[PDB]
Every structure is written in structure tokens, then in C-alpha cells.
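This document opens with one chain alone, in C-alpha cells, the form deposited in one PDB entry.
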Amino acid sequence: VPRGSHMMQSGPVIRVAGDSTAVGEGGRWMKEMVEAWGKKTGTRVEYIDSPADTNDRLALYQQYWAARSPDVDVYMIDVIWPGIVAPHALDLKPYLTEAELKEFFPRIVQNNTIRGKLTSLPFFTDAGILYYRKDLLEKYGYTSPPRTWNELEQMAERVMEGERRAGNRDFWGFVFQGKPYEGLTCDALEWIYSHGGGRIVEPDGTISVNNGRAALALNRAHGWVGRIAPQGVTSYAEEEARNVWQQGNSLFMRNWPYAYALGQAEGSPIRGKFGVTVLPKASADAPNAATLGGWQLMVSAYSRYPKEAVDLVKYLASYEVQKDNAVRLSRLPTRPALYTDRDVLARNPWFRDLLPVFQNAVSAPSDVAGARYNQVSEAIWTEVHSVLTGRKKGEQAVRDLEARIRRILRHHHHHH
């Protein structure tokens, strides 16, 4: 076969579908890392811009997976996607030693493990956290943020009485996401799990929510509505909550981490006045909780170069690449060691406060629900929202919610 520029060059070409280089800096950075890996290893690489919209990205990836296409080796997948994409993922478990796997938060490794397959490595993350006004806590004699829900409610009532007396009729104690949508599922998982009430649906498939601790969790949350939280909280998603908070009108907020940098912006009324920590829990013997978000890296089951693709994924999820992502882009690492890295904390000191968040991360039940996740989530947010609006109590809601999820997850073919 003759040589010439138009003839085939031998050798692998490793193709990554990552964040888009057209939108913001995340995709430009990710492509820079892929190209760096290619240069350091002598491996040709190509980069595919993925949609920023999660549903559009999933659709794009499904065009490849439907065909068992070899044309992407590495995909960047959402936290709830392992549960639906596992058959399209190479099992990474044989390629990682225990020492290597243990460097990641175990709850995020668990999220990515579906019927024993390690579908993907943790890349960067997000979870539900507590925002608190440190100025106001100091003013009212508190030296640390609340560790329990009762403390939260006590502090909220004291600070609300003092700020309303001083004349701010718009001031509240707590804002969160109470609207009947996906975000309520995430708030509710935190409430229930942090009361010792379980994970709604357990990783082994047990529908555990009909229990006394879960019921209290929900009744407690109803007890906030119109009292330490606005009556309108039952219509709030993430940005309605952030609006009240960022105006200076809430002592506490539950939200995702994106609100932190927005609150520190030049014109923000609350710039320099807040901290973050893990959400409270019912008592010291209960566990903490933070509903898990974020992104993972999968090697395609259809890759023609699985070993090389794995090498690239391990590199992208490595200590130094995650560190670069944290220092340059403020992405939250999936390695606990980075939360005490002196260079990460010099750039992002508040990251330290998130270590207990990710040590206590819990996932929505996408592992077990598969193609029926949205049905299960809708059941959860509907029943929980029924409690927040006073239309039913927690005991009935958790009973009704168990029944709803059982119907959704039941095998079609019954046998009497």
C-alpha cells in the first residue's frame, strides 16, 4: 500500500464527548485537558461539543448508543444517568485498584455503581447545602451554624423576631424549594434521610419510605411553611429561594452550590456576610444528608480502544486534573483529599466547609428506578408537596407514596 498524505495513518484515535467549547470556559478547559493527555501519551484525540441542556445531551448520546457506535470513546454523563445508561458503559471496576477507588467519595462511587458495574468515574460534583447569614448569627449570640433541624428552627425564630422588630417585614428564617417539581424530590430526600428515615427507595430496591421517621421529617417541613419560611415557599424553585436570600431577607437557605459565587458578586447585598455547611439533621445519632448532583466520566461499551479510553478517564479524574478544575474553574472535586489541599483552599477557602457535605451525599433513586425515574420522582414531589400545603399529613403521605412507588416499580406480569 503506497504512502502519501491522503492515506490512513495507523493508531488509535480517542474521541471525547465533553462540555461544549462554544459555551463558557468549562468546555475549553476540558478540551485542553484531553489535548494535554494526547500530547503527554502520544495519542491522537478528538473532542465533541455536547449540549449544555441535559435532555439535549442525552439525546445526542443516544444517537450513538442506539447504533452501538464506536465513534465516541468517553462520555460526560449526569448523576442520574448511570441508572439508565449502564448497558452502554464499560465496567471500570477491573481497571481500578481499591487504593485508587477509595480516593473518591464513596457515595459518588456508589451512585455510579449499577448492578455491580462501575459505570463511570466521579469527575466533579454538587449537592444540597445550608447557606447561613454569619453576620446575623453573630448578632443574635450564635457562634456556629445549626447542627440540628430544631436548632435551625430556634435560631430562625429568634432572628426573625429581632429583624422584624427592627422593621424588616420581608425577613424570613428559611427558604428552600417547595414547588412540586424535581427539586422538591431533592429537598425531601435530605429531610427524610437526615431524620434517619432512609433513602425513599434503597439501593437494594427496598421501598423504605413508609416509616415513622420519614413521616416526622415531612410534618416538620410543613411546620416551617408560613412560620419560619414564607407561605409562598410552596411555589419556590432554586431561583425563587435564592432571590429572597440574596436580597438579604433570609437567615438560612437550602440550595445547590452555584448560589455561593452569585452571593459574593460586587453588588450583592449579602457579599461577605454568609457561610455554607452541611444541612442539619434531626439529632446526633441521625445521619447527615446532601442530595447528589454532578457529572461522571464513562468509557463506551462500544469503544474499540477500551484500555486507552480508560487511561484518559483516569487522567481526567486524576488528582491533578481535578485540582486544576477546582483552582481555575471552581468545580467541586470528587476526591476528599482536595478539600484540604492548600492550593485549592487558597483559591476557594469555603470549599473546606463542603467536605462533610460530600462525605454525606445521598443519591435520588435513579439506580433502582431505571426508565421510570421520572415517574418515581413525580410521586415523591407530589406526596411531599401535599404535606407542605397542608392537604395531608406525613403519615398518610408516606403510606400513599410507598403505594405509588410500589405500583410504578412492580413487574407487569402478576402471579396469584
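Note that the rigid core is defined as the largest set of C-alphas that superpose within 1.5 Å between two forms. So that there is no doubt, residue numbering starts at 1 and follows the sequence shown.
The same protein has a further form, the form deposited in another entry, not shown here; the description that follows concerns it.
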For this session: Determine, after fitting the two forms on their core, whether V23 shows a C-alpha shift of 2 Å or more between this form and the one not shown.
Result: yes
Problem set entry | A99: Cα shift of 2 Å or greater between this form and the one not shown (core-aligned) | yes
Exercise. Against the shown form, C-alpha atoms of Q246 and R347 in the other entry: closer or farther, for a change of 3 Å or more?
Worked result: closer
Problem set entry | in the other entry, whether the C-alpha atoms of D204 and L118 sit closer or farther than here (change of 3 Å or more) | farther
